[PDB]
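Here's the structure we're looking at; comments come further down.
Chains as they are written, first to last, in the working numbering: chain B, 3 to 218; chain Z, 3 to 218; chain F, 3 to 218; chain W, 3 to 218; chain E, 3 to 218; chain L, 3 to 218.
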């Protein structure tokens, strides 16, 4: 990785942490913030190490590769590399494959990340990887938020847990997700608790809603 | 985080510690001092990492988000950002969303935390998060301090353990909590030990009270 | 903590070590030297973190708080804070609550600990905490040193183990404890071994005593 | 290893990580990216330590030695060492055996890796080792990609997992591997899902293919 | 401890290592080299921490205290402290109790250990502690080297293992121990192997002796 | 140890690693490369710590001591220490016992290892120790390479694993070992696979041999 800026190899306990999360949690939504945290300051080499050390889930990993390739192609379309001898004082322009670590060396990565102004190829590539992981997570979610409905004897807290767990894995903007919160959560509550929530009125907070249906 | 002041990514063993505490203890009161200790010097990015890596308890986590949003809105009301080009020597004013790490970069956070005088957005955001966790803890407590009563054969030490465990999760100021100590603890003691505590008089220390009812 | 002098957050493995000791050993006497070792160089914030992260034993923890409050009050009586504007070059006088970390910031603590001459508020507060833990340990000891008597078939080494274990938890000065060693250990030995120890004479070392009763 | 450039002995937790991976996973394909990650910045001494600390799999390890010897011989053929006294300011040319760490000292390795321009003998040797590990991995794979066929009731995601797992261990260029993807994956799908994939057309992405056969 | 020379608190994993060794191995001879290794560079405070964190074995620990007190008294007899005001540039002379960490501060220890020429109170105290541990080890050994005799069907390697294990815990100089090796090992061998060892002659090495009795 | 060159105590996790390897693997051949890796940069004190912390295998450990003593004696014969006052600017010549850490201090070791030109007593002593461990390993091997013969139904890969495992523990030069490879491996193969290997011809690589007998 790179520490604040000096270069350092990815740590054995970072590597083990990532392998373990994937083995135990598959692509549960919290896997993505864990990936991002484990890869703070990471070069594209480090990111590839993390992705390559995953054993199994090879369908997912190959979908990830496809997403990265799509983003790399769009990068090249927006940022064409010009043919010409690079002058002594300078470094070259990164291609999609350079951002993904496939056609760049560590030194070239290091060069872009530390050169002023910074070309932050690790952060750009991590974005692409996260875009791919989001697709995988939505793939691994069996359920739609529209199907999260409160059970007849289900405590409201348990329903809310299921609701927001599902909502986390939905492909939707924050605007769409806000609409799902403000719409579906109350609509799909069970008859007894729903009646109580309506009497609170339409601008009550989640704390107040959860406390309201605690007795029932 | 930031070490005393140089920037450092949140550690794999810090991240694992937090995930584990939440899995094993849910929102027992001691979870909050653990959160605070694990997040010493933390940037808002680090704090969000910690909150985002929690799997399950999604009702709680969404209540936390609501509390943060309320505090962010109050920040903006008190501290309005002015429209204008930021001069070269300066950095901009943080909004609520900048404190919460949602609209700021690590570099902007770092800039505020290290610039003189310091704008300590990590410490401000940690406060908001703790305010949210307090609500969650009180939610997760099933019991009121008013219902902690000594059992007929319960050793006094066991009663005191239950009393202060419950008291820790109460929403009350230190003044209200002092009143609960000075009032309820003796009043809700069992008949035999209560008689003994009254004969000690009204300004005896907890050590003396606990020793007094050791034989009984 | 503070390393020799640069400031550093309390470590995840220090925090975990303390939590684990308390869970597994309660307030066995060796818990106190472990606390002291884990808190080397600690600021009052670090000490409070350690105390606050203990789950359960809330009667003990509240007794600890009482002892700290007593020591804080005595500090204020001996060292009154004077009302007045602190000049630019200086820092203010710590109150009892500043030593306990309740009314001070980390920076103020850091200021006192590093300023020349040093006001070592971490070491002062750790003393108060240890005074409180001693009371707890004596509370958790069921037994008095006067009741440690050698069994009819108990190997002398086993008796000596029980004797010094109990003696460790006694509230007594070193003079009182010396008297208990020189008096009770031989007096409460079993008839056969006691006869043998008297024939050694009255100034023989523990090694010699233990070897003398090895055959018997 | 070497940290960015200061020399450091290979760490106990790096060493243990490597031993453990090999014990648990044998030569599953992900073992190679793990080896590469654990050996970032490694000198030939470190690489030999890692290879020598593997217990069992001695047939594999001896095949690895053969591959290294072949690459060393080709190095010497391309880069002949010249007989002559090395002048004071300079260091000597590495032979195949110097790259493999067998006839060089740590200081000589260090000298080549840090001297300007760098002779990166650790990176060159790691390449040779990886070439050997690839042969071992292909040896340990029982199956050919041509024999990965979807079962009559096998969910498509499970078939894709088996397909890319097998493909990872194949000796084939990226061009050959692309042909296997674009050819075999669809051809060896089961009758029901194959019909559905053809109706998508011939330039649909893996995400779309996997979603298409989710119901079936 | 002190690192080469900057001061550092004793580490949580050092502390845990020591506690664990004692719990699991009691005072097996290898406990002493482990103690010495864990305490490299240790101040008397660190050494006391290690000794104080041992739970149980209180008879042993009290014998250790007696040995330390004896060595402290002999120190004072050889090195009397002179009464007088210590001049500004200087530090004072350590007493026995200062070496044992009982009447000195960390700063005083640090002062002696780092001042030129060094007064190495940590190394001196560690010696005294090891002297005490040796007595404990010999106490915990049930057996004398004179009673280690080869069994009728015991492989010679097993006899030699028992012999040197016992010999390690003996109180004897290297001269006495050499005599026990050169004398007892062959004399206490079983009839068949003893005959074979005599035919080797009297200056054969242990390797040769052990190989000689491998078939028998 | 010594880090590249600053002195550092041997780490708790290094110490634990060594103890564990010996407990679990005894003197399997891979124990020696592990010892060497764990002792990178080690002073003779560190090496002795490692050897002394081994519990059990005391016959082996005493054989190790004999080998070290033999090498020390040969050192003294080749390098006689001269009697005379060492001048201020200089340090003295190491004896055999100084290399083994028995008659030298850490400072003297440090002095030799860091003085220019370096007298690398840690590396010299580690050599002697490895010579001793080799003897132990050959002692612990029950089997001769001449007795490794392929079973009638044993897969060739399993035979090759046994062959090279045994070969690793043989006392033989690389020339003798090459002869054993080129001679015994094919000669001791089972009738069916042997016939197939001869038809490959006499200069085929191990990969090709192992693949040839995969079907059979």
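Quick reminder that beta carbons are idealized off the backbone N, C-alpha and C, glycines included.
In terms of Cβ geometry, residue 161 of chain Z and residue 46 of chain Z do not form a close pair [threshold 8 Å].
In summary, the residues of the stretch 6 to 22 of chain W whose CB is separated from some CB of chain L by less than 9 Å are 8, 9, 10, 11, 12, 13, 14, 15, 17, 18 and 21, in the order they occur in the chain. Chain-ordered, the chain B residues with CB closer than 9 Å to the CB of residue 207 of chain W read 65, 68, 69 and 72. Taking CB atoms only, residue 57 of chain E has a neighbour in chain F less than 8 Å away. Secondary structure within the stretch 27 to 54 of chain B: the alpha helix (DSSP H) runs of 4 or more consecutive residues, fully enclosed, are 33 to 40 and 46 to 54 (chain order). Residue environment: residue 61 of chain W is assigned as buried (16 or more neighbouring CB atoms within 10 Å of its CB, all protein chains considered).
DSSP places residue 4 of chain W within a strand segment (E or B) once states are collapsed to three. For residue 8 of chain E, the three-state secondary structure derived from DSSP is strand.
Residue state for residue 167 of chain F is assigned as helix, using DSSP reduced to three classes. One alpha carbon belongs to residue 195 of chain B, the other to residue 147 of chain B, and they sit about 19 Å apart. Shown here for residue 16 of chain W: same chain residues with a beta carbon closer than 6 Å to its own, the five before and five after excluded, namely 40 in chain order. DSSP, read as helix, strand or coil, puts residue 195 of chain E in helix. At a Cβ-Cβ threshold of 8 Å, residue 55 of chain Z and residue 32 of chain B count as neighbours. If you ignore the 5 residues before and after residue 150 of chain B, its C-beta comes within less than 7 Å of the C-beta of 164, 165, 168 and 190, all in its own chain and listed in chain order. In terms of beta-carbon proximity, residue 128 of chain E stays away from the interface with chain F, with every pair separated by 8 Å or more. Interface annotation, residue 93 of chain W: not in contact with chain L, CB-CB separation never under 8 Å.
If you ignore the 5 residues before and after residue 137 of chain F, its C-beta comes within less than 7 Å of the C-beta of 65 and 69, all in its own chain and listed in chain order. The stretch 7 to 25 of chain Z makes contact with the stretch 13 to 27 of chain F, as at least three CB pairs between them are under 8 Å.
Not a single C-beta of chain L is nearer than 8 Å to the C-beta of residue 123 of chain E. Looking at Z:202, Z:216 and Z:88, the one whose alpha-carbon comes closest to that of residue 140 of chain F is Z:216. With its beta carbon at least 8 Å from every one in chain F, residue 190 of chain E lies outside the interface. Restricting attention to L:73, L:122, L:173 and L:154, the CA atom closest to the CA of residue 145 of chain L is found in L:173. Shortest Cα-Cα distance from residue 109 of chain W to any of L:208, L:120 and L:78 involves L:120.
In summary, residue 23 of chain F is buried, with 16 or more beta-carbon neighbours lying within 10 Å of its beta-carbon over all protein chains present. Of the candidates F:113, F:85, F:74 and F:77, F:113 places its Cα closest to the Cα of residue 91 of chain F. Here residue 52 of chain L has 20 as same chain residues with Cβ atoms under 6 Å from its own Cβ, once five neighbours each way along the sequence are excluded. For residue 167 of chain F, the chain E residues whose Cβ falls inside 8 Å of its Cβ are 58 and 60, in order along the chain. Sequence-distant partners of residue 154 of chain W (beyond 5 residues in either direction) whose C-beta falls short of 7 Å from its own C-beta, in its chain, are 192.
Burial of residue 134 of chain L is indicated by the presence of at least 16 other C-beta atoms within 10 angstroms of its C-beta.
When secondary structure is reduced to three states using DSSP, residue 113 of chain E falls in the helix class. Residue 34 of chain B is positioned such that its CB atom lies no closer than 8 Å to that of residue 101 of chain B.
In its chain, beyond the 5 residues on either side, 171 have a beta carbon closer than 6 Å to the beta carbon of residue 143 of chain B. Of the other Cβ atoms in all chains shown, 16 or more fall within 10 Å of the Cβ of residue 73 of chain E; this residue is therefore buried. Residue 174 of chain E sits in coil when the DSSP states are folded into three classes, being neither helix nor strand.
Here residue 44 of chain Z is buried: its Cβ has 16 or more other Cβ atoms, across all protein chains shown, within 10 Å.
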